[PDB]
Structure formats: C-alpha cells, structure tokens
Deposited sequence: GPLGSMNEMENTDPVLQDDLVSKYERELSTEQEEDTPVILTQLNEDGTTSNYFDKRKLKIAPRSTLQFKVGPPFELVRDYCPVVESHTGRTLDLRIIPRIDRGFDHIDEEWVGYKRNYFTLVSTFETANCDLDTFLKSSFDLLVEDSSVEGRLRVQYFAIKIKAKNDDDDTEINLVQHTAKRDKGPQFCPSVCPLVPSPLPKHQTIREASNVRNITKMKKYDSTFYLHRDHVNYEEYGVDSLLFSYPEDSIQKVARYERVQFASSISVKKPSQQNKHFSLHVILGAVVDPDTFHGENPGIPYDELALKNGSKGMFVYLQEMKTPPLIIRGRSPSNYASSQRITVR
C-alpha cells in the first residue's frame, strides 16, 4: 500500500497509488523524490576568456513532489502539483572565481552574459513538446503562468527536506533563514572586487537565484494522457542549461532580453526523466470510485 524509500538526506519518499489510497493534501506523504534524470546530451562548449580552459558543467536536478514509483512506472496526476528543482555545478571552478571571470561559447566566440535553466515537457515517444503551467499558492485566486527561464549561478542542490521546508514560508524571519540558500544578492557584494566585464555583472537582475525551483507545476489541462489505442502516453520532463548571449547553426531558443533586444538562449546541456505516465481526471484514477 505504501512503499518507502530512504532519501539521501534521511527523509523518506512514500509511494502510494491514489487509485487505492487517499491521503490529505498537505500530508508530508505528498512530498517524495521523483524519477532520476539522465543526460540527453552536451551541446556548446564554454571556455574562460584568457585561460581558454573548458568549463565542465553538470545539471543537478530533482523532482520533490508529484510523482510516485508504482510497479516499475513513474506516475503523476494531471490535476496535481509537481515540483522540479535544479542547480548546476562547475566541477573545475569555485563560485567566487567563476563570478569574477568571463566566458565565451566555442562555436567564433560569443560572450556569455549569464547562465540559465529552462524546463520542458515532451512526449517521450515522438519528441513533441507539451505545455506546462504554474500557479501561485493562491491557485485560481491568482495568475497562471508558463515556466520561465531562470538565471542561475552554480550551487549545490538543496536536500529534499530543505525544499520541503521552504515550500510555503511567509514569516519574514524564516524567509531570512533560507535567503542565502536560494539567492545571491549582487547589490550586496563589494563592487570594487569585480571588473566591468565580470560574469556576475552581466546577469540581468541584482537578485540572482542559486536554485531554479519550479513549484506548483502541472501539465496543461488540455493534454490527452492516453494514446488512441488506450495505452498510456509516455511523457518526460527535460531540464536544459543554457548560456544567454547577445546575437549581434547550433541549438538555441530565442529569449526576450532585459533591454528589449532579441537574445539567444544557447543550449549547453540537457537532461531528462525516464518515461512518465500521467493519470487524467477519470474517476477510476481515484480511490473514491471504489
């Protein structure tokens, strides 16, 4: 009925089938680690400006809500929230040095303005993109939006428990406790330590996230979850690390820059989940029908 796995930090993931067991909306049992991510590929090389040394990059993603491991499949629910978090790391560069240097794409060298992550959902069988939607905590009483590109600096991925604890914090004191985990405030550094060309100072905003946290995410309400044969569709969640450049034959998405001009999110690395099943609104997907 409930299958329990121990997480890396000592919390548990408790997998249950909502067709058989109804658990309260805010139960800690709704929090669990989802499927592991796998490398899809590496794309454009990045090199430090003078040394010419190649920056080796690694996406560090995890799903902390919305997916259960049920008899050999990973299962989500159309109507319910999932959480996908990600950082990236640079194995061969400490953060403090990284922020002070400058980086080019090796395509022929385009200056990297900043690094960022975006997420996508796909039909895993045909590579078709599927829309994702996010809400605020107010849900229907607030706006819905599509996941945005998240400027980010390299950082360890917080433990599952930390993502849990930070999920619905209002109180100012607790916010302060978690600030340094999720944000770098560029306006608080010593500006004299940095060259005008430094990477830190080509980020678009002073408040820079250390962790991309996509919470209250759902597949669009219009997705069909079954194939015509009534077999389940297979979906997959993708995380892409990119370098944003000023575009004045390699994979990239256009990005609406801060100054207004047309920018380029140039792909560096992409990871994805194994196939995912999503259960629709059918009453037979719920324990209430029994």
query: Sequence ranges without modelled C-alpha atoms (deposited numbering); finding: 1-37, 145-150, 292-298, 341-345
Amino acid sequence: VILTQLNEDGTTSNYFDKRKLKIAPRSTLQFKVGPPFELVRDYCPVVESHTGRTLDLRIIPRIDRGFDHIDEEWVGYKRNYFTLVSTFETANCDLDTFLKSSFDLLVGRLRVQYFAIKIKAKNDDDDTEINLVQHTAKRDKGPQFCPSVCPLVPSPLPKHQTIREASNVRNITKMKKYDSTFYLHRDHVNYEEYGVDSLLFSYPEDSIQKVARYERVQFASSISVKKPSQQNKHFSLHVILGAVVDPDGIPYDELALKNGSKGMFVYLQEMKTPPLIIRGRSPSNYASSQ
From here on, numbers count along this sequence of modelled residues.
property: Mean Cα B-factor comparison, 21-29 or 262-270, giving the higher one as deposited; result: 262-270
property: Between the two ranges 122-130 and 90-98, the one averaging a larger CA B factor in the entry; result: 90-98
property: Selection by C-alpha B-factor (highest) of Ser202, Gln144, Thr83, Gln161; result: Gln144
property: Identity of residue with top Cα B-factor, from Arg53, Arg65, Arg58, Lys233; result: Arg53
property: Third assignment of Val107 from its chain's C-alpha B-factors; result: highest
property: Third assignment of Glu215 from its chain's C-alpha B-factors; result: lowest
property: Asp206 CA temperature factor, ranked by third within the chain; result: middle
property: CA B-factor placement of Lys176, once the chain's modelled residues are sorted into thirds; result: highest
property: Modelled-residue ranking by C-alpha temperature factor, third containing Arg139; result: highest
